[PDB]
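A.B. asks: Contents of query-v9.pdb (PDB, C-alpha atoms) are below:
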```
ATOM      1  CA  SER A   1     103.165 106.055 134.831  1.00  0.00           C
ATOM      2  CA  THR A   2     106.184 107.194 132.825  1.00  0.00           C
ATOM      3  CA  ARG A   3     107.533 110.573 131.726  1.00  0.00           C
ATOM      4  CA  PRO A   4     108.940 110.787 128.181  1.00  0.00           C
ATOM      5  CA  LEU A   5     112.541 111.949 127.894  1.00  0.00           C
ATOM      6  CA  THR A   6     113.263 113.665 124.577  1.00  0.00           C
ATOM      7  CA  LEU A   7     116.967 113.190 123.800  1.00  0.00           C
ATOM      8  CA  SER A   8     117.706 116.533 122.160  1.00  0.00           C
ATOM      9  CA  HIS A   9     120.742 116.233 119.875  1.00  0.00           C
ATOM     10  CA  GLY A  10     120.512 119.196 117.511  1.00  0.00           C
ATOM     11  CA  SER A  11     118.516 118.014 114.509  1.00  0.00           C
ATOM     12  CA  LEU A  12     118.664 114.326 115.459  1.00  0.00           C
ATOM     13  CA  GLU A  13     115.959 113.413 117.960  1.00  0.00           C
ATOM     14  CA  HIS A  14     114.692 110.386 119.831  1.00  0.00           C
ATOM     15  CA  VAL A  15     112.285 110.317 122.782  1.00  0.00           C
ATOM     16  CA  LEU A  16     112.902 108.051 125.777  1.00  0.00           C
ATOM     17  CA  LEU A  17     109.892 106.777 127.716  1.00  0.00           C
ATOM     18  CA  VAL A  18     111.211 106.966 131.287  1.00  0.00           C
ATOM     19  CA  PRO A  19     109.270 105.958 134.412  1.00  0.00           C
ATOM     20  CA  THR A  20     108.975 108.688 137.022  1.00  0.00           C
ATOM     21  CA  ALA A  21     110.723 106.604 139.702  1.00  0.00           C
ATOM     22  CA  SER A  22     113.990 107.193 137.829  1.00  0.00           C
ATOM     23  CA  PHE A  23     113.064 110.183 135.647  1.00  0.00           C
ATOM     24  CA  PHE A  24     114.864 112.438 138.121  1.00  0.00           C
ATOM     25  CA  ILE A  25     118.057 110.506 137.404  1.00  0.00           C
ATOM     26  CA  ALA A  26     117.606 110.112 133.645  1.00  0.00           C
ATOM     27  CA  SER A  27     116.841 113.824 133.446  1.00  0.00           C
ATOM     28  CA  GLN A  28     120.229 114.523 135.019  1.00  0.00           C
ATOM     29  CA  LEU A  29     122.166 112.528 132.430  1.00  0.00           C
ATOM     30  CA  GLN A  30     120.607 114.220 129.410  1.00  0.00           C
ATOM     31  CA  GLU A  31     121.635 117.484 131.077  1.00  0.00           C
ATOM     32  CA  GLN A  32     125.220 116.247 130.829  1.00  0.00           C
ATOM     33  CA  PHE A  33     124.975 114.703 127.363  1.00  0.00           C
ATOM     34  CA  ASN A  34     124.200 118.027 125.709  1.00  0.00           C
ATOM     35  CA  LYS A  35     127.422 119.249 127.328  1.00  0.00           C
ATOM     36  CA  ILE A  36     129.394 116.274 125.985  1.00  0.00           C
ATOM     37  CA  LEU A  37     128.053 116.254 122.467  1.00  0.00           C
ATOM     38  CA  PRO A  38     129.565 118.984 120.271  1.00  0.00           C
ATOM     39  CA  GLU A  39     127.424 121.289 118.316  1.00  0.00           C
ATOM     40  CA  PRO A  40     125.524 119.989 115.266  1.00  0.00           C
ATOM     41  CA  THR A  41     127.728 120.115 112.159  1.00  0.00           C
ATOM     42  CA  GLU A  42     126.237 120.161 108.635  1.00  0.00           C
ATOM     43  CA  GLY A  43     123.578 117.701 109.687  1.00  0.00           C
ATOM     44  CA  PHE A  44     125.850 115.649 111.954  1.00  0.00           C
ATOM     45  CA  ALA A  45     128.319 114.673 109.235  1.00  0.00           C
ATOM     46  CA  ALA A  46     131.150 115.247 111.726  1.00  0.00           C
ATOM     47  CA  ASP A  47     133.556 112.670 113.131  1.00  0.00           C
ATOM     48  CA  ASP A  48     131.362 111.914 116.169  1.00  0.00           C
ATOM     49  CA  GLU A  49     128.067 113.736 115.655  1.00  0.00           C
ATOM     50  CA  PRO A  50     125.174 111.254 115.500  1.00  0.00           C
ATOM     51  CA  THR A  51     123.932 111.145 111.921  1.00  0.00           C
ATOM     52  CA  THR A  52     121.063 108.755 112.616  1.00  0.00           C
ATOM     53  CA  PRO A  53     118.839 108.435 115.712  1.00  0.00           C
ATOM     54  CA  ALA A  54     120.328 105.003 116.363  1.00  0.00           C
ATOM     55  CA  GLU A  55     123.775 106.208 117.410  1.00  0.00           C
ATOM     56  CA  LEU A  56     122.120 109.202 119.069  1.00  0.00           C
ATOM     57  CA  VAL A  57     121.261 106.803 121.870  1.00  0.00           C
ATOM     58  CA  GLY A  58     124.167 104.515 121.014  1.00  0.00           C
ATOM     59  CA  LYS A  59     126.637 107.045 122.374  1.00  0.00           C
ATOM     60  CA  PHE A  60     124.021 107.645 125.061  1.00  0.00           C
ATOM     61  CA  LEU A  61     124.437 103.966 125.937  1.00  0.00           C
ATOM     62  CA  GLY A  62     128.156 104.622 126.304  1.00  0.00           C
ATOM     63  CA  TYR A  63     128.450 107.584 128.637  1.00  0.00           C
ATOM     64  CA  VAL A  64     125.816 106.136 130.939  1.00  0.00           C
ATOM     65  CA  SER A  65     127.830 102.914 130.955  1.00  0.00           C
ATOM     66  CA  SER A  66     130.917 104.985 131.711  1.00  0.00           C
ATOM     67  CA  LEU A  67     129.292 106.116 134.966  1.00  0.00           C
ATOM     68  CA  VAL A  68     128.672 102.504 136.058  1.00  0.00           C
ATOM     69  CA  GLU A  69     130.791 100.102 138.036  1.00  0.00           C
ATOM     70  CA  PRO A  70     129.811  96.463 137.407  1.00  0.00           C
ATOM     71  CA  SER A  71     130.872  95.292 140.876  1.00  0.00           C
ATOM     72  CA  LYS A  72     128.689  97.746 142.808  1.00  0.00           C
ATOM     73  CA  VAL A  73     124.984  98.358 142.427  1.00  0.00           C
ATOM     74  CA  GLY A  74     124.217 101.993 141.767  1.00  0.00           C
ATOM     75  CA  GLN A  75     121.446 104.263 140.534  1.00  0.00           C
ATOM     76  CA  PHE A  76     122.488 104.511 136.880  1.00  0.00           C
ATOM     77  CA  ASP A  77     122.140 100.794 136.182  1.00  0.00           C
ATOM     78  CA  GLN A  78     118.404 101.417 136.513  1.00  0.00           C
ATOM     79  CA  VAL A  79     118.493 103.746 133.516  1.00  0.00           C
ATOM     80  CA  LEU A  80     121.181 101.623 131.849  1.00  0.00           C
ATOM     81  CA  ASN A  81     118.977  98.604 131.142  1.00  0.00           C
ATOM     82  CA  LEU A  82     116.086 101.056 130.786  1.00  0.00           C
ATOM     83  CA  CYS A  83     117.565 102.758 127.736  1.00  0.00           C
ATOM     84  CA  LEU A  84     119.032  99.426 126.623  1.00  0.00           C
ATOM     85  CA  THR A  85     115.616  97.787 126.256  1.00  0.00           C
ATOM     86  CA  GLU A  86     114.325 100.785 124.306  1.00  0.00           C
ATOM     87  CA  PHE A  87     117.337 100.797 121.990  1.00  0.00           C
ATOM     88  CA  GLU A  88     117.186  97.076 121.264  1.00  0.00           C
ATOM     89  CA  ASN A  89     113.425  97.224 120.773  1.00  0.00           C
ATOM     90  CA  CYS A  90     113.259 100.400 118.684  1.00  0.00           C
ATOM     91  CA  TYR A  91     116.342 100.293 116.472  1.00  0.00           C
ATOM     92  CA  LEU A  92     117.261  96.618 116.755  1.00  0.00           C
ATOM     93  CA  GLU A  93     114.763  94.087 115.426  1.00  0.00           C
ATOM     94  CA  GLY A  94     115.744  90.872 117.202  1.00  0.00           C
ATOM     95  CA  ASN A  95     118.882  90.694 115.069  1.00  0.00           C
ATOM     96  CA  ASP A  96     122.422  91.357 116.219  1.00  0.00           C
ATOM     97  CA  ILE A  97     123.911  94.840 116.546  1.00  0.00           C
ATOM     98  CA  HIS A  98     126.208  93.868 113.655  1.00  0.00           C
ATOM     99  CA  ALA A  99     123.251  93.738 111.291  1.00  0.00           C
ATOM    100  CA  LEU A 100     122.114  97.157 112.487  1.00  0.00           C
ATOM    101  CA  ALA A 101     125.581  98.616 112.016  1.00  0.00           C
ATOM    102  CA  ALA A 102     126.125  97.075 108.584  1.00  0.00           C
ATOM    103  CA  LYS A 103     122.731  98.227 107.324  1.00  0.00           C
ATOM    104  CA  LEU A 104     122.987 101.725 108.785  1.00  0.00           C
ATOM    105  CA  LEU A 105     126.254 101.768 106.837  1.00  0.00           C
ATOM    106  CA  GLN A 106     124.344 100.436 103.824  1.00  0.00           C
ATOM    107  CA  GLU A 107     121.268 102.646 103.496  1.00  0.00           C
ATOM    108  CA  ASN A 108     122.296 105.801 105.337  1.00  0.00           C
ATOM    109  CA  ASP A 109     125.628 107.610 105.197  1.00  0.00           C
ATOM    110  CA  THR A 110     128.763 105.530 105.733  1.00  0.00           C
ATOM    111  CA  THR A 111     131.223 106.579 108.439  1.00  0.00           C
ATOM    112  CA  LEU A 112     132.625 103.246 109.468  1.00  0.00           C
ATOM    113  CA  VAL A 113     134.316 104.664 112.558  1.00  0.00           C
ATOM    114  CA  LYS A 114     130.942 105.622 114.018  1.00  0.00           C
ATOM    115  CA  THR A 115     129.353 102.358 112.932  1.00  0.00           C
ATOM    116  CA  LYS A 116     131.982 100.426 114.867  1.00  0.00           C
ATOM    117  CA  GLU A 117     131.676 102.817 117.812  1.00  0.00           C
ATOM    118  CA  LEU A 118     128.057 101.682 117.838  1.00  0.00           C
ATOM    119  CA  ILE A 119     128.946  98.098 118.598  1.00  0.00           C
ATOM    120  CA  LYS A 120     131.737  99.227 120.916  1.00  0.00           C
ATOM    121  CA  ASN A 121     129.614 101.213 123.340  1.00  0.00           C
ATOM    122  CA  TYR A 122     126.567  98.972 122.918  1.00  0.00           C
ATOM    123  CA  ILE A 123     128.355  95.808 123.998  1.00  0.00           C
ATOM    124  CA  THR A 124     129.884  97.621 126.959  1.00  0.00           C
ATOM    125  CA  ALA A 125     126.443  98.840 127.943  1.00  0.00           C
ATOM    126  CA  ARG A 126     124.885  95.451 127.213  1.00  0.00           C
ATOM    127  CA  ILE A 127     127.370  93.391 129.216  1.00  0.00           C
ATOM    128  CA  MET A 128     128.026  96.029 131.875  1.00  0.00           C
ATOM    129  CA  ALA A 129     124.285  96.105 132.634  1.00  0.00           C
ATOM    130  CA  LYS A 130     124.701  92.526 133.868  1.00  0.00           C
ATOM    131  CA  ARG A 131     123.042  91.403 130.643  1.00  0.00           C
ATOM    132  CA  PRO A 132     125.498  88.823 129.330  1.00  0.00           C
ATOM    133  CA  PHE A 133     125.282  87.060 125.995  1.00  0.00           C
ATOM    134  CA  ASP A 134     124.591  83.754 127.783  1.00  0.00           C
ATOM    135  CA  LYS A 135     121.638  83.158 125.489  1.00  0.00           C
ATOM    136  CA  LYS A 136     122.173  81.800 122.008  1.00  0.00           C
ATOM    137  CA  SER A 137     120.438  83.611 119.171  1.00  0.00           C
ATOM    138  CA  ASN A 138     118.907  81.985 116.111  1.00  0.00           C
ATOM    139  CA  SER A 139     121.479  83.252 113.671  1.00  0.00           C
ATOM    140  CA  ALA A 140     120.116  81.797 110.458  1.00  0.00           C
ATOM    141  CA  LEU A 141     123.287  80.094 109.241  1.00  0.00           C
ATOM    142  CA  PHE A 142     124.216  78.485 112.533  1.00  0.00           C
ATOM    143  CA  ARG A 143     120.752  77.079 113.111  1.00  0.00           C
ATOM    144  CA  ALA A 144     120.859  76.072 109.452  1.00  0.00           C
ATOM    145  CA  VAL A 145     123.982  74.045 110.177  1.00  0.00           C
ATOM    146  CA  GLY A 146     122.409  72.632 113.322  1.00  0.00           C
ATOM    147  CA  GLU A 147     119.460  71.526 111.212  1.00  0.00           C
ATOM    148  CA  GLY A 148     121.680  70.302 108.383  1.00  0.00           C
ATOM    149  CA  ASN A 149     120.787  73.039 105.945  1.00  0.00           C
ATOM    150  CA  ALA A 150     124.462  73.980 105.537  1.00  0.00           C
ATOM    151  CA  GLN A 151     127.959  73.192 106.771  1.00  0.00           C
ATOM    152  CA  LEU A 152     130.864  75.359 107.898  1.00  0.00           C
ATOM    153  CA  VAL A 153     134.646  75.257 107.952  1.00  0.00           C
ATOM    154  CA  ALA A 154     136.819  77.822 109.706  1.00  0.00           C
ATOM    155  CA  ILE A 155     139.944  78.862 107.872  1.00  0.00           C
ATOM    156  CA  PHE A 156     142.691  81.031 109.318  1.00  0.00           C
TER     157      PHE A 156
END
```
The structure given in the file should be rewritten as structure tokens.

C.D. replies:
Amino acid sequence: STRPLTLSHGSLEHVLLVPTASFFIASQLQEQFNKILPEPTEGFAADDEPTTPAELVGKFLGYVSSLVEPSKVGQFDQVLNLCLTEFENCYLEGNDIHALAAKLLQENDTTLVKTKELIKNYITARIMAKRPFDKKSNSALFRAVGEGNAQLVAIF
């Protein structure tokens, strides 16, 4: 049915389950990514090297999005939402990308530039894949206010 795509990034690894009907295309983009990523540095403690498997595909969500035009339909939007679903299912847990970034900054090493790059390229990939945020999430505090559990004021 599908052919797994192992995203080889030095010592950081994640496998991508890719259907065959687009595996020829996805296989072409990983061929380019290894050219774009620099070499592994001291366990990816560099300025851009992916230190956790999350940003390994996070930056993968970026360059694929860079090859997309939202107005036209192409062939890379098929792998765009493809890798997007796997990222949000594997590394995200129904929460927001902000929780993932803040916690990956909490438990693992802290390089806040990469952690913000994570939201930056994710949102571009998420919205650019014609997957808008036109669906409210159950952020605990806002549904708490809607239920009366709390109350908010916005100061500036």

A.B. asks: If you apply the PyMOL selection byres ((chain A and resi 83) around 12) to this file, what residues do you get, as an NGL selection string?

C.D. replies: :A and (4-5 or 7 or 14-19 or 22-23 or 26 or 29-30 or 54 or 56-65 or 76-82 or 84-91 or 122 or 125-126 or 129)

A.B. asks: Could you tell me how far atom CA of residue 8 of chain A sits from atom CA of residue 51 of chain A, in Å to one decimal place?

C.D. replies: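 Going from atom CA of residue 51 of chain A over to atom CA of residue 8 of chain A covers 13.1 Å.
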
A.B. asks: So what do you get for atom CA of residue 53 of chain A versus atom CA of residue 138 of chain A, distance-wise?

C.D. replies: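 Computing the Euclidean distance for atom CA of residue 53 of chain A and atom CA of residue 138 of chain A yields 26.5 Å.
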
A.B. asks: Measuring between only C-alpha atoms, which one of A:24, A:33, A:44, A:133 shows the shortest distance to residue 96 of chain A?

C.D. replies: A:133

A.B. asks: How many Å separate atom CA of residue 132 of chain A from atom CA of residue 115 of chain A?

C.D. replies: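 These two atoms are separated by 21.6 Å.
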
A.B. asks: Would you mind telling me which residue in A:110, A:121, A:95, A:28 lies nearest to residue 137 of chain A when using all atoms listed in the file?

C.D. replies: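 Closest to residue 137 of chain A, using all atoms listed in the file: A:95.
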
A.B. asks: To verify the selection step, state as a ChimeraX atom specification which residues the PyMOL selection byres ((chain A and resi 116) around 12) yields on this input.

C.D. replies: /A:48,55,58-59,97-102,104-105,110-115,117-123

A.B. asks: Which polymer residues, whether protein, DNA or RNA, lie within 9 Å of the coordinate (128.7, 117.2, 117.6) when you count only C-alpha atoms? List them as an MDAnalysis selection string, using the chain letters and numbers from the file.

C.D. replies: chainID A and resid 9:10 36:41 44:50

A.B. asks: To box segment 109-122 of chain A, take all atoms listed in the file, fit an axis-aligned box, add 8 Å on each side, and give centre and edge lengths in Å to one decimal, as lines of an AutoDock Vina configuration file.

C.D. replies:
```
center_x = 130.0
center_y = 102.9
center_z = 114.3
size_x = 24.7
size_y = 25.5
size_z = 34.1
```

A.B. asks: Could you pull segment 60-76 of chain A out of the structure just shown and give N, CA, C and O atoms as a PDB file, in the first residue's frame?

C.D. replies:
```pdb
ATOM      1  N   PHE A  60      11.581  20.035   7.243  1.00  0.00           N
ATOM      2  CA  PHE A  60      11.064  19.326   6.085  1.00  0.00           C
ATOM      3  C   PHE A  60       9.710  19.855   5.657  1.00  0.00           C
ATOM      4  O   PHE A  60       9.432  19.891   4.457  1.00  0.00           O
ATOM      5  N   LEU A  61       8.884  20.290   6.603  1.00  0.00           N
ATOM      6  CA  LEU A  61       7.621  20.935   6.293  1.00  0.00           C
ATOM      7  C   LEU A  61       7.821  22.301   5.661  1.00  0.00           C
ATOM      8  O   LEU A  61       6.906  22.807   5.003  1.00  0.00           O
ATOM      9  N   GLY A  62       8.996  22.896   5.824  1.00  0.00           N
ATOM     10  CA  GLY A  62       9.248  24.208   5.272  1.00  0.00           C
ATOM     11  C   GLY A  62       9.650  24.162   3.815  1.00  0.00           C
ATOM     12  O   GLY A  62       8.991  24.767   2.964  1.00  0.00           O
ATOM     13  N   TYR A  63      10.730  23.439   3.513  1.00  0.00           N
ATOM     14  CA  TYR A  63      11.235  23.435   2.148  1.00  0.00           C
ATOM     15  C   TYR A  63      10.215  22.862   1.179  1.00  0.00           C
ATOM     16  O   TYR A  63      10.114  23.333   0.041  1.00  0.00           O
ATOM     17  N   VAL A  64       9.444  21.863   1.606  1.00  0.00           N
ATOM     18  CA  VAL A  64       8.379  21.388   0.739  1.00  0.00           C
ATOM     19  C   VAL A  64       7.357  22.490   0.524  1.00  0.00           C
ATOM     20  O   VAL A  64       6.893  22.703  -0.601  1.00  0.00           O
ATOM     21  N   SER A  65       7.022  23.237   1.576  1.00  0.00           N
ATOM     22  CA  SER A  65       6.121  24.368   1.418  1.00  0.00           C
ATOM     23  C   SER A  65       6.718  25.442   0.533  1.00  0.00           C
ATOM     24  O   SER A  65       5.977  26.136  -0.167  1.00  0.00           O
ATOM     25  N   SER A  66       8.040  25.582   0.543  1.00  0.00           N
ATOM     26  CA  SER A  66       8.690  26.561  -0.309  1.00  0.00           C
ATOM     27  C   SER A  66       8.515  26.245  -1.783  1.00  0.00           C
ATOM     28  O   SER A  66       8.536  27.163  -2.609  1.00  0.00           O
ATOM     29  N   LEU A  67       8.337  24.977  -2.131  1.00  0.00           N
ATOM     30  CA  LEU A  67       8.146  24.576  -3.515  1.00  0.00           C
ATOM     31  C   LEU A  67       6.687  24.598  -3.940  1.00  0.00           C
ATOM     32  O   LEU A  67       6.366  24.095  -5.020  1.00  0.00           O
ATOM     33  N   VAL A  68       5.802  25.165  -3.124  1.00  0.00           N
ATOM     34  CA  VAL A  68       4.371  25.181  -3.399  1.00  0.00           C
ATOM     35  C   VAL A  68       3.959  26.595  -3.765  1.00  0.00           C
ATOM     36  O   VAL A  68       4.543  27.569  -3.280  1.00  0.00           O
ATOM     37  N   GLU A  69       2.983  26.701  -4.651  1.00  0.00           N
ATOM     38  CA  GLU A  69       2.246  27.938  -4.832  1.00  0.00           C
ATOM     39  C   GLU A  69       0.788  27.725  -4.461  1.00  0.00           C
ATOM     40  O   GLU A  69       0.123  26.861  -5.039  1.00  0.00           O
ATOM     41  N   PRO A  70       0.263  28.496  -3.506  1.00  0.00           N
ATOM     42  CA  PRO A  70      -1.109  28.253  -3.032  1.00  0.00           C
ATOM     43  C   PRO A  70      -2.170  28.446  -4.098  1.00  0.00           C
ATOM     44  O   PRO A  70      -3.210  27.774  -4.039  1.00  0.00           O
ATOM     45  N   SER A  71      -1.938  29.321  -5.077  1.00  0.00           N
ATOM     46  CA  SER A  71      -2.943  29.566  -6.104  1.00  0.00           C
ATOM     47  C   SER A  71      -3.108  28.370  -7.028  1.00  0.00           C
ATOM     48  O   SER A  71      -4.238  27.992  -7.354  1.00  0.00           O
ATOM     49  N   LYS A  72      -2.009  27.762  -7.454  1.00  0.00           N
ATOM     50  CA  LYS A  72      -2.052  26.642  -8.378  1.00  0.00           C
ATOM     51  C   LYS A  72      -2.052  25.326  -7.614  1.00  0.00           C
ATOM     52  O   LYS A  72      -1.525  25.228  -6.504  1.00  0.00           O
ATOM     53  N   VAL A  73      -2.646  24.318  -8.218  1.00  0.00           N
ATOM     54  CA  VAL A  73      -2.536  22.956  -7.722  1.00  0.00           C
ATOM     55  C   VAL A  73      -1.324  22.318  -8.379  1.00  0.00           C
ATOM     56  O   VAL A  73      -1.093  22.454  -9.586  1.00  0.00           O
ATOM     57  N   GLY A  74      -0.517  21.644  -7.570  1.00  0.00           N
ATOM     58  CA  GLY A  74       0.688  21.027  -8.075  1.00  0.00           C
ATOM     59  C   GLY A  74       0.793  19.573  -7.677  1.00  0.00           C
ATOM     60  O   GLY A  74      -0.219  18.922  -7.406  1.00  0.00           O
ATOM     61  N   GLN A  75       2.014  19.052  -7.646  1.00  0.00           N
ATOM     62  CA  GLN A  75       2.252  17.683  -7.224  1.00  0.00           C
ATOM     63  C   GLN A  75       2.807  17.593  -5.813  1.00  0.00           C
ATOM     64  O   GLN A  75       2.708  16.530  -5.191  1.00  0.00           O
ATOM     65  N   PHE A  76       3.374  18.675  -5.295  1.00  0.00           N
ATOM     66  CA  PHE A  76       3.975  18.665  -3.974  1.00  0.00           C
ATOM     67  C   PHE A  76       2.965  18.898  -2.863  1.00  0.00           C
ATOM     68  O   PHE A  76       3.223  18.514  -1.719  1.00  0.00           O
TER      69      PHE A  76
END
```
